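Structure first, then comments.
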Amino acid sequence: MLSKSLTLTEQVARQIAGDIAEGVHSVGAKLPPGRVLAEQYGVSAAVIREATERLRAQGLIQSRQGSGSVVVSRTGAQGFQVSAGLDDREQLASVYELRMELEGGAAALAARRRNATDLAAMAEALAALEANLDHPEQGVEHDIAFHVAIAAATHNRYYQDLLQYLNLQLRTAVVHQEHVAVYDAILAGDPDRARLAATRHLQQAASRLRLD
Amino acid sequence: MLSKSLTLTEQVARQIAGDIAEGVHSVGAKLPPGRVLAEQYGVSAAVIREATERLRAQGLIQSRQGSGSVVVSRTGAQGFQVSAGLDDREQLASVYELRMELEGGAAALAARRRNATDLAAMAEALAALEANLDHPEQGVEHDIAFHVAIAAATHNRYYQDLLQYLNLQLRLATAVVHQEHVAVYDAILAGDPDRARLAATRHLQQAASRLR
Amino acid sequence: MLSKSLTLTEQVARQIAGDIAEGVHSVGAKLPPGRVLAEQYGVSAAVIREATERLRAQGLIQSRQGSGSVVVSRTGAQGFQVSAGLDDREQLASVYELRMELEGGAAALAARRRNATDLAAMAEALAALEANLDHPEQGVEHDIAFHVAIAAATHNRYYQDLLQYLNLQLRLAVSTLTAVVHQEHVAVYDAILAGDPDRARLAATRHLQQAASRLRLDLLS
Amino acid sequence: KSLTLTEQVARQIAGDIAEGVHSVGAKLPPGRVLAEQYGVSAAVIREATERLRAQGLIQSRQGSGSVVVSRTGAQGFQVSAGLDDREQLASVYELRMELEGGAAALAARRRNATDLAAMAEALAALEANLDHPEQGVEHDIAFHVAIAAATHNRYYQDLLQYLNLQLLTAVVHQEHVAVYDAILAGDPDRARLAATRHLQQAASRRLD
DNA sequence: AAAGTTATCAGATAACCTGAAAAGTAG
DNA sequence: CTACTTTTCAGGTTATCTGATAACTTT
Ligand SMILES: [Zn+2]
Ligand SMILES: [Zn+2]
Ligand SMILES: [Zn+2]
Ligand SMILES: [Zn+2]
Numbered sequence: 001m002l003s004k005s006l007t008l009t010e011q012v013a014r015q016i017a018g019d020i021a022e023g024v025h026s027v028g029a030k031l032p033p034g035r036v037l038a039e040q041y042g043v044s045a046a047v048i049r050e051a052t053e054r055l056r057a058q059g060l061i062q063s064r065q066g067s068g069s070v071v072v073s074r075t076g077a078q079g080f081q082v083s084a085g086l087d088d089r090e091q092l093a094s095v096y097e098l099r100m101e102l103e104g105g106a107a108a109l110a111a112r113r114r115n116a117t118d119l120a121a122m123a124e125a126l127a128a129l130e131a132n133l134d135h136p137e138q139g140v141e142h143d144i145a146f147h148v149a150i151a152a153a154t155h156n157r158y159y160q161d162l163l164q165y166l167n168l169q170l171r188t189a190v191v192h193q194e195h196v197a198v199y200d201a202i203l204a205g206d207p208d209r210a211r212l213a214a215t216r217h218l219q220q221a222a223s224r225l226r227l228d
Numbered sequence: 001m002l003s004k005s006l007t008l009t010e011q012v013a014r015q016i017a018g019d020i021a022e023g024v025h026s027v028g029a030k031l032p033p034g035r036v037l038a039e040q041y042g043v044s045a046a047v048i049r050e051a052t053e054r055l056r057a058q059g060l061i062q063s064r065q066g067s068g069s070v071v072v073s074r075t076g077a078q079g080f081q082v083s084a085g086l087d088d089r090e091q092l093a094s095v096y097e098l099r100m101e102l103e104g105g106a107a108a109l110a111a112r113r114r115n116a117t118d119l120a121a122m123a124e125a126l127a128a129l130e131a132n133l134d135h136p137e138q139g140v141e142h143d144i145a146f147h148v149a150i151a152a153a154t155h156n157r158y159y160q161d162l163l164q165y166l167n168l169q170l171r172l173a188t189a190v191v192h193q194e195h196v197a198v199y200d201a202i203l204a205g206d207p208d209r210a211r212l213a214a215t216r217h218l219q220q221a222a223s224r225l226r
Numbered sequence: 001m002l003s004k005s006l007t008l009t010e011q012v013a014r015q016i017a018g019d020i021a022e023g024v025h026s027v028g029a030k031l032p033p034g035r036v037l038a039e040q041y042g043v044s045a046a047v048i049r050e051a052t053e054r055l056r057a058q059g060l061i062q063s064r065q066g067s068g069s070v071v072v073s074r075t076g077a078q079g080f081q082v083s084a085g086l087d088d089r090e091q092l093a094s095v096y097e098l099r100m101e102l103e104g105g106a107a108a109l110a111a112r113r114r115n116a117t118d119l120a121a122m123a124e125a126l127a128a129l130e131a132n133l134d135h136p137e138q139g140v141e142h143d144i145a146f147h148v149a150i151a152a153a154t155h156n157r158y159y160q161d162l163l164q165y166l167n168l169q170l171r172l173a174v175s176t187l188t189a190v191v192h193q194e195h196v197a198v199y200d201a202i203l204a205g206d207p208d209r210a211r212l213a214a215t216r217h218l219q220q221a222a223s224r225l226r227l228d229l230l231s
Numbered sequence: 004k005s006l007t008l009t010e011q012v013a014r015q016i017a018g019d020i021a022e023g024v025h026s027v028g029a030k031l032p033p034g035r036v037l038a039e040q041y042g043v044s045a046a047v048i049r050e051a052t053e054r055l056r057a058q059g060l061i062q063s064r065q066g067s068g069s070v071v072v073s074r075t076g077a078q079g080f081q082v083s084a085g086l087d088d089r090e091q092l093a094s095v096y097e098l099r100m101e102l103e104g105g106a107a108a109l110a111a112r113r114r115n116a117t118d119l120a121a122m123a124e125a126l127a128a129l130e131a132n133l134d135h136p137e138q139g140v141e142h143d144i145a146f147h148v149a150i151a152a153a154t155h156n157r158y159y160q161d162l163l164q165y166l167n168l169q170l187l188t189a190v191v192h193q194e195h196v197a198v199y200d201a202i203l204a205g206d207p208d209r210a211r212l213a214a215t216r217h218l219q220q221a222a223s224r226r227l228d
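Written out as structure tokens, the structure is:
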């Protein structure tokens with residue numbers, strides 16, 4: 001009652017996931033039915049279906065209808081990097097410099113990939129940015145949502161997200193003119209000028225924050 | 001093969017993920033009673049309760065039985081790993097793209113930060129690449145180890161940690191090739207920032223036209 | 001809702017009907033037999049086995065127990081909307097995104113062509129509508145005719161076929187006030203009595219761009 | 004050979020549908036009661052209930068079951084490829100004029116990379132057969148389909164494909196490209212424009 | 001305490017799988 | 001004859017429904 005007791009849903013997982021690394025149901029073998037896990041665990045259809053997604057999501061098992069479920073990686077390959085907000089020098093310079101290659105290379109694609117509706121998102125976004133130059137406490141979201149728009153303009157369904165993450169880290189006129197420059201570059205459909213003024217927008221930012 | 005379709009379950013989590021990434025549901029913020037999300041996203045709670053779990057496993061929300069679902073993150077369990085496979089040579093190509101973008105500045109930021117053993121690794125396998133110009137199966141464990149150098153030469157783990165993972169799951173699912195593998199060695203080892211970015215891009219983009 | 005990502009069954013035919021129309025299975029040819037077809041697209045026995053019979057009612061090919069299946073045509077028994085399903089909101093939001101652009105031109109032709117016989121029913125049904133913004137259910141029987149006879153004002157029986165079909169399934173589809191609805195309806199008529207192509211093109215578009223905004227609002231309400 | 008066990012149901016069913024038994028909006032009995040009302044295999048049903056879907060009497064949610072949506076089927080024909088040409092065909096050409104109008108516009112606000120793929124490749128499959136115009140018809144076939152696809156709308160592109168299934188070059192291409200670059204520029208109203216000139220012209224070429 | 005969420009059980013119907021037993025025609 | 005494909009059975013798991021019940025927090 002008092003503390004978040006592990007409900008069955010989660011409990012059933014750590015039973016099964018153990019076996020994936022305890023060696024029982026080896027890699028590529030077929031997990032049992034659901035009707036059996038119900039019996040094996042005295043739980044119900046509903047609970048089973050839920051727990052299964054715990055394993056698909058942590059990337060240890062997959063499924064197709066009718067076949068059942070295939071195990072993949074005993075560990076569970078749920079692994080990437082980059083935190084957000086906790087300051088620790090030079091390792092910080094290992095990341096911004098990375099996005100410099102990234103923020104520029106993305107806008108270099110939108111120079112061949114922005115359409116009308118893409119600009120319409122970047123439109124009110126920078127329009128929402130210019131409307132709070134005196135209030136920089138609101139334009140965070142849009143400094144993202146504008147930076148965001150360059151990824152949405154990349155039309156790369158994957159690339160988009162990897163960017164989409166990076167920004168969601170924690171943390188006036190000199191800040192905003194580096195922006196509308198890459199717009200008149202993305203507006204133009206200009207390849208390297210978008211790859212530039214973007215890299216330069218972050219170029220100044222990464223040393224301006226090293227001065228913070 | 002065909003593109004593996006998407007369940008309601010995971011299309012729900014992805015579109016709710018974005019609804020978290022666009023800060024519509026910020027941290028501390030409870031989430032709509034799923035009974036509304038059924039009506040909103042159109043399904044029945046069967047899939048709701050499932051998609052729910054996909055999150056609480058990728059670590060984006062928690063819920064307490066009684067007190068609704070609460071958001072507390074915008075980062076994922078790890079980052080994001082496309083499963084790729086036969087799913088979309090398109091969404092797969094949505095990476096060869098970026099894996100070369102990275103490899104643009106990657107060869108570059110080595111050319112300004114290339115050590116001895118860096119280039120002395122770039123050469124050790126460069127010899128084992130030469131003789132194995134007639135062992136096109138022994139010379140496999142070389143081409144990556146080659147590109148690895150550039151990445152390890154960056155002295156930037158994030159940058160380096162990132163690409164390995166990309167390269168890694170990429171291969172999950188020599189004459190003109192080695193000449194093309196070569197043109198960057200003169201580029202990295204001669205202080206040329208963009209010429210390293212230049213002939214390296216020439217590499218993978220030929221190989222992609224070698225594959226596509 | 002969202003994109004009811006299709007059944008492999010129908011995901012298949014909509015590559016095979018396309019493959020047929022790609023001519024790569026030029027008519028009179030025998031399709032690669034079932035054994036092959038699973039592996040080509042990567043599906044099971046009862047998918048092909050099904051997606052086949054979709055072509056045997058769509059009539060694209062005929063099958064003979066032993067010979068196999070021979071493409072006998074590249075066009076079906078007509079074109080068909082193929083939707084109106086519960087939970088097909090992305091499929092439905094793909095419907096309205098056409099009858100619109102249609103009912104924009106289905107005013108332009110009516111703006112360039114007409115009798116009074118068109119403007120007969122036009123003022124007739126709008127009158128049958130104006131006097132009946134009070135029993136919001138009987139007037140549904142007339143939003144047909146106004147929209148219907150607006151197409152009749154175009155004088156193209158194959159246009160008139162198109163709309164009446166699409167219109168058919170939406171009435172079947174949304175198997176669930188009248189003032190701001192009746193206004194926009196008249197707004198088309200004004201640019202069509204005074205006869206104006208590009209003026210009625212918009213005001214018609216606005217009707218659908220407003221009546222569907224009073225449809226994507228009640229579903230999530 | 005008589006009618007298949009499969010069809011022996013489809014045209015046994017449409018009766019009880021059109022005989023108001025399985026009235027519209029009612030749930031079709033489950034794919035287990037049918038084999039148990041009929042004495043066939045449950046794996047027969049899947050085809051029968053695949054006929055009635057493409058025959059537009061029903062659709063089904065993967066849990067609720069199957070529900071009829073018509074009592075006969077409103078197929079909605081538009082047959083022929085020639086004869087009675089006069090302007091009856093030109094009225095068809097009048098229709099498609101607006102669809103080619105609306106469609107290209109929708110390519111300009113949401114085209115993608117896979118869009119400019121064959122749209123540039125069918126523009127390239129066409130430009131190299133300008134003096135072999137018995138070959139590029141298959142491309143003027145497909146080049147439309149290409150941008151027709153860029154709608155991402157199943158039905159839009161799709162029911163456009165069927166018309167091109169009813170039966187100089189240095190010019191009609193200049194109209195093919197003016198529309199092309201519009202979506203290639205993302206200008207939607209210019210997309211709806213630079214297209215139909217192509218369509219207004221080949222039909223003016226009714227004179228044939 | 002009662003209104004309102006999450007979590008779980010009870011009972012069920014459509015997709016999609018795998019393989020063997022019929023029923024046929026192209027060799 | 002064998003060998004190739006088509007239509008059927010039988011026996012199977014997954015997705016996704018829809019209803020109630022249970023445990024718990026909110027108000
Ligand atoms: Zn910024
Ligand atoms: Zn190589
Ligand atoms: Zn109306
Ligand atoms: Zn043409």
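Chains as they are written, first to last, in the authors' numbering: chain J, 1 to 171, 188 to 228; chain I, 1 to 173, 188 to 226; chain K, 1 to 176, 187 to 231; chain L, 4 to 170, 187 to 224, 226 to 228.
For each residue, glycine too, the CB sits at the ideal point set by N, CA and C.
Buried is the label assigned to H25/L, since at least 16 other Cβ atoms lie within 10 Å of its Cβ. Membership of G68/L in the beta strand (DSSP E) is indicated by the continuous run 68-71. With contacts defined by Cβ atoms closer than 7 Å, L162/I and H142/I do not form a contacting pair. Around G85/I, the same chain offers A173 as residues with beta carbons nearer than 6 Å, after the five sequence neighbours per side are excluded.
Rounded to the nearest whole angstrom, the CA to CA distance from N132/J to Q138/J is 7 Å. A Cβ-Cβ contact shorter than 7 Å links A51/K with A13/K.
Excluding its 5 nearest sequence neighbours in each direction, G104/I has C-beta neighbours in its own chain below 8 Å: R211, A214, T215, listed in chain order. Excluding five sequence positions before and after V43/I, the CB atoms of its chain that fall closer than 6 Å to its own CB belong to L8, given in chain order. Note on the segment 133-172 of chain I: whole alpha helix (DSSP H) runs with a minimum of 4 residues are 140-153, 157-170, in chain order.
About 26 Å separates the beta carbon of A77/K from that of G66/K, a gap too long to meet the 8 Å contact definition. Between the segment 110-120 of chain L and the segment 146-158 of chain L, the count of C-beta pairs closer than 8 Å reaches three or more; the two stretches touch. Of the candidates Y41/L, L31/L, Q81/L, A45/L, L31/L places its Cα closest to the Cα of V72/L. Within a 10 Å sphere around the beta-carbon of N115/I sit fewer than 16 other beta-carbons, which makes this residue exposed.
Taken in chain order, the unbroken stretches of alpha helix (DSSP H) that lie wholly in the segment 20-58 of chain I and span 4 residues or more are 34-41, 45-58.
Contact note: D161/I reaches chain J through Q81, using a C-beta cutoff of 7 Å and chain order.
In this structure, ligand 4 has no non-hydrogen atom nearer than 6 Å to the beta-carbon of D200/L.
DSSP, read as helix, strand or coil, puts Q193/J in helix.
Distances from the CB of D143/K to the heavy atoms of ligand 3 include at least one below 6 Å. By the neighbour-count criterion, in which 16 or more other beta carbons inside 10 Å mark a residue as buried, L126/K falls on the buried side.
Listed along chain L is no residue with a C-beta nearer than 8 Å to that of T215/J; the closest approach is about 23 Å. Taking 7 Å as the upper bound on Cβ-Cβ separation, chain K lies near residues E39, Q40, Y41, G42 of the segment 35-46 of chain I. Residues of chain I whose Cβ lies closer than 7 Å to the Cβ of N115/J do not exist; the shortest such Cβ separation is about 17 Å. In this structure, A93/L keeps its C-beta atom at 7 Å or more from the C-beta atom of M122/L.
Residue pairing by DSSP puts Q62/L in a beta bridge opposite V70/L.
Interface annotation, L230/K: in contact with chain I, CB-CB separation under 7 Å. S5/J and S63/I have their C-alpha atoms some 12 Å from each other. Between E53/I and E53/J, the CB-CB gap stays under 7 Å. Remark: the shortest separation between the CB of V196/I and any heavy atom of ligand 2 does not fall under 6 Å. Residue contact check for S69/I against chain K: no CB pair falls below 7 Å. When only Cα atoms are considered, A120/L and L203/L end up about 11 Å apart. Under the 7 Å criterion on CB atoms, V140/L is classed as non-interfacial with respect to chain K. Residue contact check for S5/K against chain I: a CB pair falls below 7 Å. In the three-state reduction of the DSSP assignment, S94/I falls in the helix class, which pools H, G and I.
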